[PDB]
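Below you'll find the structure, written out as structure tokens, and then a few comments.
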Amino acid sequence: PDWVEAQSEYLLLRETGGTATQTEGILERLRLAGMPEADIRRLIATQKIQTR
Amino acid sequence: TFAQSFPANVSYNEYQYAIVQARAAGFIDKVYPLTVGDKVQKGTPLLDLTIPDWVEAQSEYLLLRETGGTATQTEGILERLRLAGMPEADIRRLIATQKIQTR
């Protein structure tokens, strides 16, 4: 579950057409949180919150 | 008159002793070819790790640098970094790159 809060926050900034400088910052807060760089690529590729 | 042979053993110098613990929690990025038994030398790479403990404060620094805060306000956030555990050598790579340090 840990990573979900920040994932959704990223997905709604994709909705509210946020800046690259703003969105990238949240992807980085995930890498540091321990999420797999691949499991992140999977996030962007489907705009879907990874849970399992 | 005496003449006795006492048995002895060769051992490691216990004044040349070092245990390498991580300053703060994190995960391992990669680990170099090195296992128990190998002969290493001062400077030999052990492992690369990512630590997100200090990141928040490093921003509190870069921020201070964009608004040109006080020199005493900068030494503050800075010495709080060395107090947090961040290595004096890795700090020089924060001021020099002007980018946060993670790995």
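So what does log10 I(q)/I(0) come out to for region A:1-50 at q = 0.29 Å⁻¹, using the Debye formula with one equal point on every Cα and no solvent?
Result of the Debye calculation: -1.27.
Under a straight-distance cross-link criterion of Cα-Cα below 16 Å, which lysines are reachable from B:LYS39, leaving out those fewer than 8 residues away in the same chain?
Within reach: none.
Within a 10 angstrom radius of the beta carbon, how do B:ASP38, B:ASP90 rank from fewest other beta carbons to most?
Numbers: B:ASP38 8, B:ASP90 14.
With the fewest neighbours first, B:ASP38, B:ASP90 line up as B:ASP38, B:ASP90.
Rounded to a whole number, what is D in µm²/s for the protein assembly as shown from Stokes-Einstein with the Kirkwood radius over alpha-carbon pairs (25 °C, 0.890 mPa s)?
125 µm²/s
Grab the DSSP H runs of chain B that are 4 residues or longer, score each as -39,500 (n - 2.57), total them, divide by all residues and round the 222 nm result to the nearest 500 deg cm²/dmol.
Working: 3 runs with 34 residues, N = 103.
Calculated at 222 nm, the ellipticity per residue is -10000 deg cm²/dmol.
Any chance you could give the angle, 0 to 90 degrees and rounded to 10, that helix B:55-66 forms with the longest Cα principal axis of chain B?
50 degrees
Within chain B, which is the longest segment containing none of the chymotrypsin sites (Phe, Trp or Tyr not before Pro) that sit in a DSSP loop and have at most 14 other Cβ atoms within 10 Å? Write out the running numbers ahead of the final one.
On the way: sites that count: B:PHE2, B:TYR12, B:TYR15, B:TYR17.
The reported range is B:18-103.
Using alpha-carbon pairs under 8 Å, 6+ residues apart, how would you state the relative contact order of region B:30-103 in percent?
That works out to 36 percent.
For neighbour counting, all protein chains shown are included, and Cβ atoms are generated from backbone atoms with ideal geometry for every residue, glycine included. A short reminder: the numbers here are calculations on the coordinates, not readings from a lab.
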